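In the order they appear, the protein sequences are chains S and G. In my numbering, each residue's number is its place in the first sequence (first place is 1) plus 10. In my numbering, each residue's number is its place in the second sequence (first place is 1) plus 107. Don't be surprised by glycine CBs; every beta carbon is placed ideally from N, CA and C. Working notes, beginning with the structure itself.
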Amino acid sequence: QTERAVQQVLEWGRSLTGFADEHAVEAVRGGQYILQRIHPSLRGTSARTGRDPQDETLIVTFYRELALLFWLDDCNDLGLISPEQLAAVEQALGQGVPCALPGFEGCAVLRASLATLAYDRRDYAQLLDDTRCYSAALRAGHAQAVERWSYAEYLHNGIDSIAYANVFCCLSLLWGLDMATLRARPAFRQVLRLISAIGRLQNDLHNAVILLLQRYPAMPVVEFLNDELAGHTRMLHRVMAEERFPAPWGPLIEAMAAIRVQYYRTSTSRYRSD
Amino acid sequence: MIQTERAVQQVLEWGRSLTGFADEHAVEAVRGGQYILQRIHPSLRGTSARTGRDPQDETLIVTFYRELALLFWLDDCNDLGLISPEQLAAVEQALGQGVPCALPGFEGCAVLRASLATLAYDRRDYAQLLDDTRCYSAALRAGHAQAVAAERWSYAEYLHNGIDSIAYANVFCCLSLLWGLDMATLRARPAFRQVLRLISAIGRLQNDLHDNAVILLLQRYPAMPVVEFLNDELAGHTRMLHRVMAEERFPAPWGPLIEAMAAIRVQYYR
Ligand SMILES: O=P(O)(O)C(O)(Cc1cccc(-c2cccc3c2oc2ccccc23)c1)P(=O)(O)O
Numbered sequence: 011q012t013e014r015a016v017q018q019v020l021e022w023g024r025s026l027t028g029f030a031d032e033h034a035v036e037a038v039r040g041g042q043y044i045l046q047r048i049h050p051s052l053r054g055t056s057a058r059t060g061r062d063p064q065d066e067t068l069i070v071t072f073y074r075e076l077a078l079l080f081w082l083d084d085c086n087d088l089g090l091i092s093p094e095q096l097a098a099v100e101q102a103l104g105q106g107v108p109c110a111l112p113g114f115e116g117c118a119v120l121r122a123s124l125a126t127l128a129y130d131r132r133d134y135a136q137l138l139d140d141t142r143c144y145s146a147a148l149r150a151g152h153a154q155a156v157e158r159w160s161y162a163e164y165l166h167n168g169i170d171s172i173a174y175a176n177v178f179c180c181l182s183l184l185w186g187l188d189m190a191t192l193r194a195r196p197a198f199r200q201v202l203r204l205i206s207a208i209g210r211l212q213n214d215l216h217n218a219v220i221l222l223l224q225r226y227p228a229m230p231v232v233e234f235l236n237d238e239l240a241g242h243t244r245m246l247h248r249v250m251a252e253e254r255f256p257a258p259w260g261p262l263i264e265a266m267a268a269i270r271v272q273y274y275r276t277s278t279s280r281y282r283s284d
Numbered sequence: 108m109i110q111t112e113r114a115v116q117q118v119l120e121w122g123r124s125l126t127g128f129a130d131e132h133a134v135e136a137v138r139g140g141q142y143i144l145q146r147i148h149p150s151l152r153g154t155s156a157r158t159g160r161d162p163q164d165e166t167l168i169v170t171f172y173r174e175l176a177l178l179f180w181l182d183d184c185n186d187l188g189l190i191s192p193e194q195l196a197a198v199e200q201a202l203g204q205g206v207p208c209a210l211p212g213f214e215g216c217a218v219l220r221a222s223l224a225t226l227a228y229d230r231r232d233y234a235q236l237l238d239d240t241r242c243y244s245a246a247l248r249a250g251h252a253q254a255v256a257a258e259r260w261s262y263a264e265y266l267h268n269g270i271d272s273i274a275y276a277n278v279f280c281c282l283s284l285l286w287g288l289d290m291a292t293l294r295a296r297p298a299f300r301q302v303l304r305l306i307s308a309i310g311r312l313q314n315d316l317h318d319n320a321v322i323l324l325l326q327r328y329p330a331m332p333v334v335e336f337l338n339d340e341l342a343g344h345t346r347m348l349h350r351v352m353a354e355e356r357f358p359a360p361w362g363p364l365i366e367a368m369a370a371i372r373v374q375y376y377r
C-alpha cells in the first residue's frame with residue numbers, strides 16, 4: 011500500500027542530509043507506476059526466480075533507489091548539500107561503502123541492502139557502475155552553464171543523467187531479470203539509449219530547450235525538440251517490433267516510454283501559502 | 108602496392124559484370140581506397156607477421172577496392188535509378204545474404220561475395236559485412252523515400268539513417284576481413300561501437316554540409332540557422348570522438364584508421 015511505502019522511504023531518507031519529503035513521494039509515485047504496469051509480465055518470471063512481485067522488501071528497496079536518484083539530482087541542481095558532501099556521498103554510493111562524512115548513513119544502508127538482495131550479483135556491480143556514471147553526468151551538465159555544449163554532447167550526457175539505466179538495473183537486481191546477459195546484446199543497448207533520450211527530452215520539455223534557444227535565438231527550439239521526441243519514439247518503436255526481448259523487458263521499456271514526468275518529479279513539491 | 112591504373116582496370120574488369128556499373132565507380136573506389144590504405148600502411152606492416160596478410164597483397168587490395176566500388180555503384184543505383192526496383196531488391200538480397208543474385212545481369216555480386224568469404228581471415232567479419240550491407244541498403248532506400256515524403260522525418264531519424272548510409276562500418280569491416288584486424292572482438296567493447304557511430308556521424312555531417320541534413324532542416328524549420336547548427340553538431344561529435352579514442356587506446360591500426368576517416372574528404376575521390 012502506498013503510504014506504508016512512502017513512509018518507509020521517508021524513514022530511510024532521514025539518514026540523508028538534504029532529503030526532502032518530495033524525494034520519497036516522487037519515487038513511490040513513479041516506482042508504483044512502473045511496478046503495476048509490469049506486474050502481469052513479472053508474475054511469469056516469478057516462478058523461475060522466486061522473486062515475488064509484491065515482495066515488500068524488494069519494492070521499498072526499489073523505491074529507495076529511485077528516491078536516491080531524485081535526491082542526488084536536487085543535491086546537484088539545488089545545492090542542497092555542499093560540494094564536499096556531494097563528493098563524499100557520490101564516492102560512497104559509487105563503491106557501495108558507507109559515506110565518510112556524517113549525516114549520510116542512508117548510503118551504507120541502501121547499498122548494503124542492494125548487495126544482499128541482488129539476484130545476480132553482477133547487477134550489483136553494474137548498479138555501482140551506473141551510479142558513478144550518473145554522478146559524473148550530473149556534474150557535467152552542471153558545469154555546462156558555469157562556450158556551450160553541442161546538442162549532441164548534451165543528449166549524450168543527458169542519456170546518462172536521466173538514470174533510466176540505473177532504474178532498469180535496479181529492477182533486474184531485485185527481480186532477477188537477467189539484464190547482465192541481455193546488455194551484451196547490441197540491440198538491447200540501442201533501445202536503452204533510445205528510451206533514455208526519450209526520457210531526457212520529455213523532461214526538459216518542462217536543459218535542452220534553453221540550451222538551444224540561447225545558441226539559436228531564432229530557432230523554433232520547442233517544435234524541434236518535440237519532433238526529436240517524436241523521432242526517437244518512432245525509432246524506439248521500429249526496433250521494438252524487429253527485436254524480441256524476454257519478459258518483462260518489452261513492457262518495462264514501453265512503460266518507461268509512456269511515463270511522462272507530469273506523473274512524477276516536476277509536479278511534486280511541498281506546499282506553501284504564497 | 109599495385110599501380111593505380113592497373114587497380115582501376117582490375118576493379119572495372121569485375122564491375123563490368125554489374126548492370127549500371129560506370130567507369131567512375133572504379134576510379135572513385137580506387138581513389139578512396141588508396142587514401143585509406145596509404146594511411147594505415149605503417150600499422151599493417153606491423154601486424155603482417157602475426158596475420159600472414161601482406162599490406163601489399165594485390166589480391167587483398169583489389170578485393171577491398173571492389174567492395175568500395177560496389178558501394179559507390181549501389182548508392183548510384185538507388186539515387187539515379189540505374190536499375191529497376193525489382194533488380195535493386197534482388198541485388199540487395201544477394202549482397203545482404205551472400206547468395207547469387209536471382210535476376211540476371213548482376214553476376215559480379217555473387218563473385219565478389221564468394222571471394223570475400225574465401226579471403227576472410229576471421230569469418231565472423233564476413234557475416235558482419237553481410238549485416239552492414241543490409242543496413243547500408245535499407246538506409247539508401249529509406250533515405251531515398253525522404254526527398255519524396257512530404258512528411259520528412261526528425262533530425263534524430265535522419266542522422267541515425269545517415270550513420271548507416273555513409274558506409275564506414277562496411278569499410279572498416281571489409282578491412283578487418285582482409286587484413287585480420289580483429290574487429291569482431293573489438294566490437295565486444297562499448298567504447299569501440301561508440302567511436303564507430305561517432306566517426307560515421309562525422310562522415311555523414313561532413314558530406315552533407317559540403318536525403319540531406321541541410322535541405323531537411325531548412326525546409327522544416329526555415330527560420331533556423333541550420334548550417335550553423337550542423338557545424339556545431341559536427342564539432343560536437345568530433346570532440347566526443349577524440350575523447351573516447353584518447354581514453355581507450357585501440358590496437359593498431361584502428362587509431363590511424365579512424366583518424367584517416369575523420370580527415371578524408373569526399374572531394375578526394377568523389
Ligand atoms: O549513402 P549516401 O549516398 O548518403 C553517402 O554516405 C555516400 C556513399 C556513397 C558511395 C560509397 C560510400 C562509401 C562506400 C564505400 C567506400 C567509401 C565510402 O565513403 C568513403 C570515404 C572514404 C574512402 C572510402 C569510402 C558512401 P554521402 O555522405 O556521400 O551522401
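Using only the alpha-carbon positions, how far apart do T141/S and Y134/S sit?
If you draw a straight line from the Cα of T141/S to the Cα of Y134/S, it is about 10 angstroms long.
Count the other CB atoms within 10 Å of the CB of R113/G; is the residue buried (16 or more) or exposed (fewer)?
The residue is exposed, with fewer than 16 neighbouring Cβ atoms inside 10 Å.
Given that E163/S touches chain G, what residues does it touch there, using C-beta distances under 8 angstroms?
Per Cβ cutoff of 8 angstroms: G343, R346 and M347.
Name the chain G residues that come within less than 8 angstroms of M229/S, Cβ to Cβ?
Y328, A330, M331, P332 and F336
In whole angstroms, what separates the C-alpha of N268/G from that of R248/S?
13 angstroms
Take every Cβ of the region 109-126 of chain G, pair it with every Cβ of the region 212-223 of chain G, and state whether three or more of those distances are shorter than 8 angstroms.
yes
What would DSSP say about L282/G, mapped onto helix, strand or coil?
helix
Is there a Cβ of chain G sitting closer than 7 angstroms to that of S277/S, yes or no?
no
According to the neighbour-count rule (16 or more other Cβ atoms, all chains shown, within 10 Å of its Cβ), is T191/S buried or exposed?
The residue is exposed, with fewer than 16 neighbouring Cβ atoms inside 10 Å.
So with CB distances below 7 angstroms, who are the chain S contacts of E340/G?
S160, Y161 and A162
Taking the alpha helix (DSSP H) that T71/S belongs to, which residues open and close that run?
Counting along the chain, the alpha helix (DSSP H) containing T71/S begins and ends at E66 to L88.
With a Cβ-Cβ cutoff of 7 angstroms, do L284/G and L316/G count as a contact?
With respect to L316/G, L284/G sits apart: the two C-beta atoms are not nearer than 7 angstroms.
Considering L226/G, what are the terminal residues of the alpha helix (DSSP H) in which it resides?
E214 to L226
Rounded to whole angstroms, what is the Cα-Cα separation between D182/G and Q42/S?
50 angstroms
In this structure, how does DSSP classify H216/S when only helix, strand and coil are distinguished?
coil
Would you say the region 351-361 of chain G touches the region 255-264 of chain S, given that touching needs at least three Cβ pairs under 8 angstroms?
no
Could you please tell me which residues of the region 233-254 of chain G, in chain order, have their CB closer than 9 angstroms to any CB of chain S?
Taking 9 angstroms as the Cβ-Cβ cut-off against chain S, none of the residues of the region 233-254 of chain G qualify.
Count Cβ pairs between the region 172-182 of chain S and the region 57-77 of chain S that sit closer than 8 angstroms; are there 3 or more?
Flag = yes, the region 172-182 of chain S and the region 57-77 of chain S touch.
Just to confirm, are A218/S and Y164/S a CB contact at a threshold of 7 angstroms?
yes
Is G153/G near ligand 1, in the sense that its beta carbon is under 6 angstroms from a heavy atom of that ligand?
no
Name the residue from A254/G, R230/G and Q200/G whose alpha carbon lies nearest to the alpha carbon of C242/G.
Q200/G
Three-state secondary structure (DSSP) at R24/S?
coil
For a contact meaning CB atoms closer than 8 angstroms, what does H166/S contact in chain G?
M347
Can you give me the C-alpha to C-alpha distance between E21/S and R231/G, rounded to a whole angstrom?
54 angstroms
Going by Cα to Cα distance, which pick from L324/G, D229/G and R248/G is closest to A196/G?
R248/G
Contact between the region 261-273 of chain S and the region 40-59 of chain S: three or more CB pairs below 8 angstroms?
With the rule of 3 Cβ pairs closer than 8 angstroms, the region 261-273 of chain S counts as touching the region 40-59 of chain S.
Suppose the cutoff is 8 angstroms on Cβ atoms and the five residues either side in sequence are ignored; what does the same chain contact list for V271/S look like?
Only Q212, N213, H216 and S277 meet the Cβ criterion.
In angstroms, rounded to a whole number, what distance separates the CA positions of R296/G and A370/G?
24 angstroms
I'd like to check one pair, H344/G with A298/G: are the Cβ atoms closer than 7 angstroms?
No; because the gap between Cβ atoms is not below 7 angstroms, this pair is not in contact.
If you compare alpha carbons, which of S56/S, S145/S and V201/S is closest to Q105/S?
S145/S
Using a strict less-than 5 angstroms threshold between each residue's beta carbon and the heavy atoms of ligand 1, what residues do you get?
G139/G, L175/G, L178/G, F179/G, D182/G, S272/G, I273/G, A274/G, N314/G and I371/G
Report, in whole angstroms, the separation of the C-beta atoms of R210/S and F80/S, which I expect to be a contact under 8 angstroms.
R210/S to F80/S, Cβ: 15 angstroms. No contact.
Rounded to the nearest angstrom, what separates residue 292/S and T67/S at their Cα positions?
In this structure chain S extends from 11 to 284, so residue 292/S is not present and cannot be described.
For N319/G, does the three-state DSSP call read helix, strand or coil?
Correct three-state label for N319/G: coil.
Among the residues of its own chain, which have a CB less than 7 angstroms from the CB of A240/S, if the five just before and after it don't count?
Closer than 7 angstroms at Cβ, skipping near neighbours: no residue.
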